[PDB]
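As structure tokens, the structure follows; a few thoughts come after it.
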Amino acid sequence: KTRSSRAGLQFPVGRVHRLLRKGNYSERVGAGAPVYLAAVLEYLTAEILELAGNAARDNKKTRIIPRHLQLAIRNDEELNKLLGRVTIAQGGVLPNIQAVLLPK
Amino acid sequence: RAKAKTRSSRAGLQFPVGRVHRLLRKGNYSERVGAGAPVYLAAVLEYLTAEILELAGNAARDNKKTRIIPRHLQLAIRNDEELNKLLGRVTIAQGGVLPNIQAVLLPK
Amino acid sequence: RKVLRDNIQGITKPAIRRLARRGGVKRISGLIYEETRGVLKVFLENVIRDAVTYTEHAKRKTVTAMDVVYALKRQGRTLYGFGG
Amino acid sequence: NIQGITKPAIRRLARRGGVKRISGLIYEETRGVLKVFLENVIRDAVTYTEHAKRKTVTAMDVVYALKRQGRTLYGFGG
Amino acid sequence: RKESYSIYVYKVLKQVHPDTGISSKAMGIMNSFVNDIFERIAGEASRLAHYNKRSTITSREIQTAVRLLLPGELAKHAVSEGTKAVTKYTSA
Amino acid sequence: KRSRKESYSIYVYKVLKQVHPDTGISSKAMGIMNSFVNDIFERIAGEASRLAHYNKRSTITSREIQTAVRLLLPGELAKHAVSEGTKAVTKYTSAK
Amino acid sequence: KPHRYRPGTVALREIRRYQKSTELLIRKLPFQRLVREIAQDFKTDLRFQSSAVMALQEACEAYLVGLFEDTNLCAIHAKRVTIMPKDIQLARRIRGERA
Amino acid sequence: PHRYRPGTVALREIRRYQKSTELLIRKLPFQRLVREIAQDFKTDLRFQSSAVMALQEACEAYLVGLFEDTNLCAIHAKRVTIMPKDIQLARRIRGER
DNA sequence: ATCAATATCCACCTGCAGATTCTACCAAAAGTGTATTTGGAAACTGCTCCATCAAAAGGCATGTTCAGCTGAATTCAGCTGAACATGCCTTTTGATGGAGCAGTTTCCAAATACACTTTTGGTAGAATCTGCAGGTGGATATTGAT
DNA sequence: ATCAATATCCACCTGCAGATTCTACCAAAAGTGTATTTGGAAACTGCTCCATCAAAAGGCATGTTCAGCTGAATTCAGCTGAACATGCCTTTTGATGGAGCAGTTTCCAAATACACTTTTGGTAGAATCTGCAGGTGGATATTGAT
Ligand SMILES: [Cl-]
Ligand SMILES: [Cl-]
Ligand SMILES: [Cl-]
Ligand SMILES: [Cl-]
Ligand SMILES: [Mn+2]
Ligand SMILES: [Mn+2]
Ligand SMILES: [Mn+2]
Ligand SMILES: [Mn+2]
Ligand SMILES: [Mn+2]
Ligand SMILES: [Mn+2]
Ligand SMILES: [Mn+2]
Ligand SMILES: [Mn+2]
């Protein structure tokens with residue numbers, strides 16, 4: 001009977017609410033705010049896990065590791081823009097060699 | 001009731017300690033605000049505007065003006081290593097830039 | 001009112017030259033003018049888009065200087081002088 | 001200690017960075033940059049340590065330091 | 001003590017890839033990700049409400065914050081999900 | 001039916017006379033000075049707010065402001081700002 | 001004569017002149033017209049405080065000037081004196097505006 | 001006696017290292033430098049192992065990223081060899097200077 | 001482009017250990033049921049400000065010429081930086097202990113939040129004041145041709 | 001090494017658009033008398049954190065060789081700067097209408113506050129597993145050589 005189940009979400013609406021209140025963002029917090037915010041966070045998480053899962057599969061792996069999260073973020077124009085100032089520990093970089101540096 | 005003493009006068013400051021204390025409570029920075037906080041902040045703010053007005057007033061003097069204008073504020077900020085870093089991502093409207101020509105560009 | 005079109009060309013060659021001058025540039029290749037317009041437009045769209053989003057959120061029809069100031073702060077281009 | 005950051009290790013970093021040929025002066029230049037980076041980050045972190053009245057710099061202190069420096073890092077508590 | 005979004009990230013992982021697992025380090029990355037985006041949305045909503053002299057952050061601030069923070073398509077879908085969850089939450 | 005809007009102009013102007021008695025300031029320059037004060041205020045408060053949150057503390061004290069100032073300001077600017085702040089507080093508390 | 005300044009002399013005269021002043025370099029009306037066109041493509045029926053248009057021009061000009069300085073360094077670095085789209089693009093990429 | 005031409009092994013290293021994610025700086029030397037720098041801000045400090053690892057992760061990502069811009073700056077100058085001059089330009093444009 | 005001889009990659013399997021995933025249980029959130037507070041939406045409407053227009057003027061944007069000198073190509077060789085076989089030692093790493101220390105408790109005196117009630121410090125215009133924007137003119141370079 | 005040709009300065013001038021002051025309330029500090037926390041201050045733990053110890057193993061520091069990259073020196077086609085003639089359209093000044101901010105009230109749907117009642121998520125052992133790290137054995141990619 002939790003708010004998440006009511007909102008039809010996996011992410012914790014009750015916690016997102018407690019975090020909004022205790023985070024000194026505003027004097028009051030609407031009832032829909034935690035639901036909305038929770039849905040946004042779950043969605044973006046699904047987006048990364050989806051693409052990251054794909055990266056694992058394309059590597060003959062079943063377990064997503066940092067490398068996969070990096071490959072998913074950097075190979076996605078939007079996710080990359082959104083996390084352009086963030087570094088994924090243990091993710092390395094995309095393989096890429098400036099044409100001019102190749103042989104012959 | 002005794003005669004009112006402003007907290008600023010108590011703090012020995014020009015900047016508004018009461019105002020700053022209010023701005024702190026209404027800015028959603030924390031549940032509660034200590035009594036010294038607004039005093040310490042008002043002092044730092046007053047000190048910083050004192051440092052830039054000092055340098056700007058001088059730029060005004062160098063340009064033979066008695067009234068500080070935006071350009072004076074710029075010259076003072078960009079010519080001071082520390083103020084420049086502090087406001088390195090700030091733009092002063094009507095400030096222009098520091099006269100600066102790369103050497104390679106001067107008549108050979 | 002009246003159709004607005006091609007106003008980007010209102011950013012003339014001489015105006016771009018002046019800007020490069022203040023920027024310390026001595027010589028300018030003929031293709032700089034079109035690149036500059038493209039960069040200006042991208043810069044302007046992004047700031048206007050955010051400014052208008054702050055406008056809409058306030059249920060206003062008038063984009064205010066504060067709307068722009070907040071848009072600039074978001075884009076990391078803080079502007080002093082219009083906070084009124 | 002900074003000489004501890006060796007040429008070959010700097011070569012490696014440059015390689016992951018896609019660099020093919022390296023000038024001999026790059027190694028010392030790199031050490032200088034590396035040092036300014038660590039000083040800036042550590043200074044902030046230790047400031048968070050001291051504020052918390054601790055004697056131990058925590059990953060979180062570093063993470064918060066990195067965030068202030070516009071170098072947000074994922075994987076250590078944020 | 002010491003709570004994290006792990007349980008939740010994992011559940012979501014199973015819906016999109018029932019077959020896929022996730023390492024501890026990768027789980028750490030996801031937590032950082034959620035905390036970061038949460039701080040960014042929350043912070044922006046905070047500013048929006050303050051700019052408009054409102055004392056409460058409603059889903060309306062969350063949405064605008066989302067539009068301001070997420071790039072194009074990511075913003076559309078996030079918005080779609082957000083209003084969808086609020087709709088469902090208010091019905092029953 | 002007025003709609004009054006606060007500002008730091010009065011205080012900026014007083015500090016100006018102290019440092020340069022002979023010098024005035026245009027409204028545009030004062031506009032810049034106002035943006036500056038409001039900006040550093042937000043940066044300091046923002047940093048103080050975070051600092052307190054990281055330390056499970058519900059109250060921002062002169063101590064958060066101090067560490068925020070050290071985090072925000074560069075070298076000499078910080079040292080002097082900290083001295084003025086500390087001074088003002090001890091004075092204020094010494095009832096002084 | 002007729003007297004003629006050698007190419008590069010007047011350009012340097014202009015750098016000194018504009019680095020001395022602070023007036024906006026793009027014509028006002030044309031710029032307001034561009035703002036209205038872009039805005040309109042985002043949301044119809046918008047109005048602008050005159051002050052809002054000036055905040056934008058001040059910001060766009062500060063931005064272009066700073067970008068040209070960076071572009072200029074990229075040209076000098078290429079052992080040139082003439083800025084090209086190439087330099088602007090290199091500067092923007094390093095600035096992280098378009099890696 | 002077989003011998004690869006200059007640049008051949010370099011290209012090979014780029015492919016190898018752009019493929020992995022392992023830290024490229026030896027751990028002890030790095031930990032040593034971290035503590036030395038830290039000692040100048042506050043004496044007798046301790047470090048969580050994860051604190052040292054976060055710093056090394058941050059530091060190496062920064063340097064790798066910086067080398068990419070440096071490389072772009074060298075190529076811009078019709079070169080294939082990076083120089084302090086290239087690192088300097090990148091840091092200037094980045095606003096780190 | 002082949003011929004040949006190194007070394008490099010690169011699939012396919014394969015065997016265990018380091019993690020993961022799976023279980024078995026308890027406090028600290030999260031969900032309820034009530035009972036009030038209140039933020040800020042809805043309904044006017046006072047009235048700044050923004051969109052338009054008219055109109056005359058000259059500051060500038062446009063285009064065109066012309067040719068100075070800059071960017072783009074070539075060529076060339078001195079010498080820096082890559083590839084390597086060598087020899088050695090600093091980094092790894094794995095316990096083993098001991099201990100400096102984050103984390104918790106239990107109070108509590110000091111410091112804050114509150115709810116009112118007075119008291120000014122500030123802000124919004126009028127009433128006064130005045131730098132200095134714009135104009136002029138020789139003194140001083142600053143350039144570029146003989 | 002000169003000088004015309006112009007551009008650049010600097011000081012002297014003078015009313016007016018833009019500061020500085022002068023006035024008047026009144027929104028919001030300040031002064032008081034209570035009602036909560038709050039953040040320490042000691043006292044003690046379970047730990048993560050340094051220290052050695054102590055081997056071995058890659059991984060690094062060197063000295064050689066020379067391939068091939070960077071830079072310097074030369075050319076030269078033609079791009080882009082400087083000047084000029086023309087006349088367009090941005091600037092300036094004012095005047096209006098009225099769109100749509102902003103200020104005020106009026107007042108519920110919605111959020112805050114408990115006082116409890118349940119439920120879930122964080123822990124700490126227990127029961128699997130995904131790859132890592134080798135092992136071949138087989139085409140590949142390189143670089144010397146017809
Ligand atoms: Cl809501
Ligand atoms: Cl305090
Ligand atoms: Cl180009
Ligand atoms: Cl160099
Ligand atoms: Mn003085
Ligand atoms: Mn109310
Ligand atoms: Mn040339
Ligand atoms: Mn040779
Ligand atoms: Mn008074
Ligand atoms: Mn003048
Ligand atoms: Mn459970
Ligand atoms: Mn393998």
Side-chain angles (χ1 to χ4, degrees), chain A residues 1-3 12 14-15 17-18 27-31 61-63, chain B residues 1-7 16-19 21-22 32-35 65-67 107, chain C residues 1 12-15 27-30 60-62 64, chain D residues 4 6-9 21-24 52 54-56 58, chain E residues 1-4 6-7 21-24 53-56, chain F residues 1-7 10 13 24-27 57-59, chain G residues 1-11 13 27-30 47-50 79-82, chain H residues 2-10 12 26-29 46-49 78-81:
Chain A
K1 63 177 72 63
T2 63
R3 269 190 282 174
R15 171 179 293 184
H17 201 308
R18 183 248 301 163
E27 180 195 354
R28 297 155 106 254
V29 181
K61 263 72 179 303
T62 66
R63 184 191 294 142
Chain B
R1 62 201 306 174
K3 185 178 177 56
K5 276 281 187 301
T6 58
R7 305 210 260 156
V17 172
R19 182 107 93 203
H21 190 32
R22 180 198 90 226
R32 37 170 52 199
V33 176
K65 308 269 191 295
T66 62
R67 192 189 290 147
Chain C
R1 180 185 49 171
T12 63
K13 176 178 171 167
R27 211 162 178 271
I28 308 170
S29 115
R60 274 184 280 100
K61 286 213 175 186
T62 313
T64 56
Chain D
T6 59
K7 168 177 178 179
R21 206 161 185 279
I22 300 174
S23 155
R54 289 190 267 88
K55 295 275 184 185
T56 320
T58 63
Chain E
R1 46 288 136 204
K2 224 306 157 300
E3 51 178 40
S4 95
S6 295
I7 298 178
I22 187 170
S23 76
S24 254
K53 311 185 178 186
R54 259 57 196 188
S55 51
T56 147
Chain F
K1 309 171 61 181
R2 208 83 310 292
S3 316
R4 72 163 234 167
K5 45 209 57 175
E6 296 176 357
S7 181
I10 254 56
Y13 202 83
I25 189 168
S26 76
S27 62
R57 295 194 52 179
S58 63
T59 153
Chain G
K1 300 165 64 67
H3 191 286
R4 205 170 170 81
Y5 285 111
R6 303 177 70 199
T9 299
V10 188
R13 210 206 299 315
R27 292 170 309 163
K28 257 54 174 302
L29 178 55
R47 291 184 147 209
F48 285 81
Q49 300 185 317
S50 58
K79 307 202 287 196
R80 281 182 282 101
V81 163
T82 308
Chain H
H2 185 285
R3 195 181 175 71
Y4 288 112
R5 302 181 68 162
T8 285
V9 182
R12 215 157 68 212
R26 287 139 38 178
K27 202 162 310 307
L28 179 57
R46 300 175 99 80
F47 273 90
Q48 294 192 325
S49 64
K78 316 294 196 58
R79 291 186 275 94
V80 152
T81 310

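Computed from heavy atoms alone, side chains included, the values below leave out hydrogens, waters and symmetry copies. Order of the sequence lines fixes the chain letters, A, B, ..., with proteins taken first and strands second; residue numbering starts at 1 for each chain.
- Both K1(G) and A2(B) sit near DNA chain J, but only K1(G) has its closest nucleotide nearer the 5' end.
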For nucleotides 121-126 of chain I, 5' to 3', base contacts (B), sugar-phosphate-only contacts (S) and non-contacts (-) with protein non-hydrogen atoms under 4.0 Å give SSBSS-
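- Looking at the side chain of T2(A), the nearest of the listed nucleotides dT120(J), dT38(I), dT118(I) is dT120(J).
- Comparing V10(G) and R1(E) along DNA chain J, the residue whose closest nucleotide (by nearest heavy atom) sits nearer the 5' end is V10(G).
- Closest approach to the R1(B) side chain among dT117(I), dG40(I), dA51(I) is made by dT117(I) (side chain taken as heavy atoms from C-beta onward).
- Across all non-hydrogen atoms, the minimal contact from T62(C) to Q49(G) is CG2-CG, 4.0 Å.
- Ranking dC101(I), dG39(J), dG40(I) by closeness to the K55(D) side chain, first place goes to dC101(I).
- Candidate nucleotides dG103(J), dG31(I), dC49(J) were compared by shortest atom distance to the side chain of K1(F), and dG103(J) ranks first.
- In the set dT91(J), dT6(J), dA29(I), the nucleotide with an atom closest to the side chain of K28(G) is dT91(J).
- Among the heavy atoms of the strands, none lies under 4.0 Å from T64(C).
- For the pair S24(E) and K53(E), nearest-nucleotide mapping onto DNA chain I gives the more 5' position to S24(E).
- The CZ-P distance, from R47(G) to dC50(I), rounds to 9 Å in whole Å.
- Residue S58(F) places no side-chain N or O under 4.0 Å from the OP1 or OP2 atom of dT37(J).
- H3(G) and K1(G) get closest at one heavy-atom pair: N-CB, 3.2 Å.
- Taking atom CZ of residue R67(B) and atom P of nucleotide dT20(J), one finds them 6 Å apart after rounding to whole Å.
- In this structure, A52(D) reaches neither bases nor backbone, as no heavy-atom distance under 4.0 Å exists between it and the strands shown.
- With rounding to whole Å, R54(D) atom CZ is found 12 Å from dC101(I) atom P.
- Secondary structure note: stems in DNA chain I built from 3 or more consecutive Watson-Crick or G-U wobble pairs under 3.5 Å occupy I:1-146 with J:1-146.
- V29(A) comes within 4.0 angstrom of sugar-phosphate atoms only, judged by non-hydrogen atoms across all strands, and of no base.
- Phosphate contact (OP1/OP2 of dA41(I), side-chain N/O of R54(E), threshold under 4.0 Å): present.
- When every heavy atom of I22(D) is checked against every heavy atom of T81(H), the shortest pair comes out as C-CG2, 3.8 Å.
- Look at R3(A) and you'll find a side-chain N or O under 4.0 angstrom from OP1 or OP2 of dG31(I).
- One atom, NE2 of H17(A), and another, P of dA110(J), lie 14 Å apart when rounded to the nearest Å.
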Let me have a per-nucleotide readout for nucleotides 56-71 of chain I, 5' to 3', with B, S or -, counting only protein heavy atoms under 4.0 Å. -----SS-----SSSS
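- A distance of 8.5 Å separates CD1 of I10(F) from CZ of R19(B), quoted to the nearest 0.5 Å.
- Nearest to the side-chain atoms of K5(B) among the listed nucleotides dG31(J), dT32(I), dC49(J) stands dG31(J).
- When the nucleotides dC101(I), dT92(I), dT112(I) are ranked by their closest atom to the side chain of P29(H), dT92(I) comes out on top.
- Comparing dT6(J), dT38(J), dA133(I) against the side chain of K65(B) picks out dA133(I) as the nearest.
- Minimum atom distance to the side chain of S50(G) is reached by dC50(I), of the listed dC50(I), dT20(I), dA82(I).
- One interatomic measurement links the two molecules: CZ of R13(G) to P of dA82(J), which rounds to 9 Å at whole-angstrom precision.
- A distance of 13.5 Å separates NZ in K53(E) from OG in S55(E), rounded to the nearest 0.5 Å.
- At most 12 heavy atoms of other shown residues, nucleotides or ligands fall within 6.0 angstrom of atom CZ in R6(G).
- For the pair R1(C) CZ and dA99(J) P, the computed distance is 16 Å after rounding to whole Å.
- Of all heavy-atom pairs between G4(D) and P29(H), the closest is O-CB, 4.0 Å.
- Across all strands, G4(D) comes closer than 4.0 Å to no nucleic acid atom at all (heavy-atom distances).
- Between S23(E) atom OG and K61(A) atom NZ the span is 10.0 Å, to the nearest 0.5 Å.
- Contact annotation: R32(B) does not reach the phosphate of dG39(J) (side-chain N/O to OP1 or OP2, under 4.0 Å).
- Separating the CZ atom in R63(A) from the OG atom in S24(E) is a distance of 9.5 Å, to the nearest 0.5 Å.
- In terms of phosphate contacts, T59(F) brings no side-chain nitrogen or oxygen within less than 4.0 Å of OP1 or OP2 of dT112(I).
- For the pair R18(A) and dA30(I), the criterion of a side-chain N or O lying under 4.0 Å from OP1 or OP2 is met.
- Summarising the geometry, the separation between NE2 on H2(H) and P on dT142(J) is reported as 10 Å, rounded to the nearest angstrom.
- The line from CZ of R28(A) to OG1 of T56(E) is 6.0 Å long, rounded to the nearest 0.5 Å.
- When rounded to the nearest whole Å, the span between CG of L28(H) and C1' of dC50(J) equals 13 Å.
- Of the side-chain N and O atoms in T62(C), one or more sit less than 4.0 angstrom from OP1 or OP2 of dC101(J).
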